[PDB]
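What follows is a single chain, given as structure tokens, in the form deposited in one PDB entry.
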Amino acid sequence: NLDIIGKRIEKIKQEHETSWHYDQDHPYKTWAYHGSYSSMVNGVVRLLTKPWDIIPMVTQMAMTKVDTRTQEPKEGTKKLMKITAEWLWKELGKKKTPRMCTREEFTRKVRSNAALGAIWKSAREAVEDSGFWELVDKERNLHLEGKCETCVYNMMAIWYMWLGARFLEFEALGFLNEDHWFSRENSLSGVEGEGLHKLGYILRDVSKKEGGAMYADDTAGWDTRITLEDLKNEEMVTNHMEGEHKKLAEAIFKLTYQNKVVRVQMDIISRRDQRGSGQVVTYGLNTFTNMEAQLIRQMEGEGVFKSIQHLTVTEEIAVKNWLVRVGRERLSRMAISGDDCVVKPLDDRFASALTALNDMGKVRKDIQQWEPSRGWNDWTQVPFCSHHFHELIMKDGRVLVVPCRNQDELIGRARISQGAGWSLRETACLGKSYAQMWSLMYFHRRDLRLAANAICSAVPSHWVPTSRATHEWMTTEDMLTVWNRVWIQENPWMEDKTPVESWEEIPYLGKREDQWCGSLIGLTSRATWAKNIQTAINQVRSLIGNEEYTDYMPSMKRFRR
């Protein structure tokens, strides 16, 4: 307990000796208590989406369990998790080599803008000061000694550490993301590096497997369900390491993941369970443990073991043998993105195979603990990564599988910014990012293709999209050329590589399907907005001023004379 959280706690107390009031009013039960001491609106996107100013599902988006425990899993459950985790690390390691990430790599990220959950004023000034690395060196040396001093989270939830602890985290465990351990190639169930023009093709491929319904059960507060046993299983990645890397990774797991200390608005508490690490490391270890949990739920449905109370020698061999024999074909019946999964099991016994799942603490959201899962019969209805997927046939017979979600959510998100000090140019460039994403991913939604064309017409041609998966819309290349590259040239599911010559070759959903997914097509106003769009474009041009603009609206047949 305190042999590991004490040094950090003592340090924080000393720096705060005056107000070290041990308040007996602290609202903590599970969180150990040691002591105490807004969405802005994007004006460019809003002026070009006037019909949505009277839709509450859009306009409301811009307005306005950490404290729980998880019963220890049973001996049968613990054995199932340990055998499965050992096997899974070995599979993920067959074609990969664990390795330290470098300051030279850490800075590069910082030179660009990749959320580092950090807390000089810019992180760009820390890595350049050789003073920062000296502090990193001290903690780094302490980690090698099996001790920590300055690796403490500030819950905001979202837990932000100091850069020194982040860099360190990244040095020891960044290889999982940087070298693509959770790629569909390295993991089979994984979709790291995929993006939205891929995810539907991947679900359609899972649908091709003989088996039962497609299951997509959510976990309530997945991170708050992460147990110390799960952490012991994740930590086994270090069995694959050597030298300094092994000791540095072992210290991240022991000192920062399995024996945490955090600050809260300031109470100084510690928990030895739950997920509380870096968002990128969190994503990879959530994928790992979700893959493990779903293989075990598959084993339960298949009758590989009879009970979670304890495993018989024979069953331990049967589970291990199931993995070696069918483990890979099985991970393949899954699409897993951190806590999000889709599973096509061998048959529907999976639906009521719930004892391992509930005993691991991964209780399903929106269904009685022991009510058997609802199955999806059509891959085009299955929810994944906040989307569903349509099969869309081009006038020339070729097949697109496209991402989709309710259009009010897409419009409402593009109308929001986070943070202060945005110029009109930067606000315009963020509007252009959304517009290009819509042109590439949601071109099949009539309102989004029109609104994208309008925003790109209203923002100077040469201004670069900005924002503080393959984000191919973050470019000043022509959007038809990018569309061709993503959907035709580089699309492994498209055999005919004939380029598309114009946007009018690129289809929409059916008119009724577009309405079902939130389109305003057929409202009197949606017609006033499409008819008068050059007036809205001109309003925004007049605000931005005398700049080089391009008219993209005649790419659409209706504005093409």
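For every residue, the number given is its place in the sequence shown, counted from 1. Basically, rigid core = biggest C-alpha set you can superpose within 1.5 Å across the two forms.
- Modelling of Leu163 is complete across the other compared entries in which both of its neighbours are modelled; not even a third of them leave it out.
- Compared against other deposited entries of this protein, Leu424 counts as consistently modelled, with coordinates in all of those that resolve the residues around it and thus below the third mark.
- Counting the deposited residues that fall between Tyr37 and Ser38 and carry no coordinates gives a value of 4 to 9.
- Per the record, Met156 and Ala157 are separated by 10 or more deposited residues that are missing from the model.
- Set 417-425 against 247-255 and average the Cα temperature factors; 247-255 ends up higher.
- The deposited model assigns a higher average Cα B-factor to 320-328 than to the other stretch when 290-298 and 320-328 are compared.
- When the C-alpha B factors of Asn113, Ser337, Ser461, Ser183 are read from the deposited coordinates, the top value falls at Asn113.
- Comparing the listed residues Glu504, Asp496, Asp67, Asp53, the entry records the largest Cα B-factor for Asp67.
- Ranked within its chain, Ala32 lands in the highest third, by CA B factor from the PDB record.
- When all modelled residues of the chain are sorted by CA temperature factor, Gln539 is found within the lowest third.
- Ranked against the other modelled residues of its chain, the C-alpha B-factor of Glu547 as given in the entry falls in the lowest third.
- Per the PDB record, residue ranking by Cα B-factor puts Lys531 in the middle third of the chain.
- In this PDB entry, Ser352 carries a Cα temperature factor that places it within the middle third of its chain's modelled residues.
This protein has a second form, the form deposited in another entry, left out of what is shown; the following refers to that one.
- Core superposition between the shown form and the other one leaves every listed residue (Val382, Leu410, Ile83, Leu188) with a C-alpha shift below 2 angstroms except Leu410.
- The two forms, fitted on the rigid core, differ between the shown form and the other one by less than 2 Å at the CA of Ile252.
- Remark: with the core as the superposition reference, the CA shift of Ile317 between the shown form and the other one stays below 2 Å.
- If you fit the rigid core between the shown form and the other one, you'll see the Cα of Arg328 move by less than 2 angstroms.
- Between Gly131 and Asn113, the C-alpha separation shrinks by 3 Å or more in the other entry, relative to the conformation displayed.
- Relative to the shown form, the CA atoms of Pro56 and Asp366 are brought 3 Å or more closer together in the other entry.
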